[PDB]
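Undergrad: Sequence, then the experimental structure. Questions to follow.
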Amino acid sequence: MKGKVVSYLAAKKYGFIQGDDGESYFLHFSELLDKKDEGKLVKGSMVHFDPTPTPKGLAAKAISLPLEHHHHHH
């Protein structure tokens, strides 16, 4: 359910998220709502994703960014 993103590489289209119970999850474009939402991800902070079984076992689904829409203010 909840966890923290420790790494995210767009070139390898594969990142890493550490669950609170120590459960890892896989990051894929098929799991992102939009391709652009990839650049809206926040590295080094909290992220929102839902659990998914999949043949592999651990996987994320429907990634969500509950962080402020505009981090920069003017």
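TA: In hand now; what should we look at? Numbering: from 1, shown residues only.

Undergrad: Give me the buried positions along stretch 64-74.
TA: Judged by neighbour count (16 or more other C-beta atoms under 10 Å), stretch 64-74 contains these buried residues: residue 65. C-beta: built from backbone N, CA, C; applies to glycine.

Undergrad: Now do the end-to-end distance for it.
TA: According to C-alpha to C-alpha, to the nearest Å, stretch 64-74 extends 25 Å from its N-terminal end residue to its C-terminal end residue.

Undergrad: where along the protein do the strands fall?
TA: 2-9, 14-19, 24-25, 46-52, 59-64 (DSSP state E).

Undergrad: For residue 35, find the nearest of these.
TA: Distance to residue 35, taken as C-beta to C-beta, is lowest for strand 59-64 among these, at 11.7 Å.

Undergrad: centre of the chain versus the closest one, how much separation?
TA: A distance of 6 Å separates the centroid of the chain from that of strand 59-64, by C-alpha atoms, centre = their mean, to the nearest Å.

Undergrad: For that strand, buried residues please.
TA: 59, 60, 63.

Undergrad: Neighbouring strands - and their directions - for it?
TA: Looking at strand 59-64 with DSSP bridges, its partner strands are strand 46-52 (antiparallel).

Undergrad: before we move on, the earlier item: out of the strands of the chain, which is closest to residue 73?
TA: strand 46-52 (20.3 Å).

Undergrad: Excluding its own residues, what touches the closest one? List them.
TA: Applying C-beta atoms under 8 Å, 6 or more residues apart in numbering, the set of residues contacting strand 46-52 from outside is 1-5, 17, 25, 31, 41, 59-67.

Undergrad: Minimum distance to residue 74: which of the strands of the chain has it?
TA: With C-beta to C-beta as the measure, strand 46-52 is the member of the strands of the chain nearest residue 74 (24.8 Å).

Undergrad: What separation do you get for residue 46 and residue 11?
TA: Distance, residue 46 to residue 11, using C-beta to C-beta, to the nearest Å: 24 Å.
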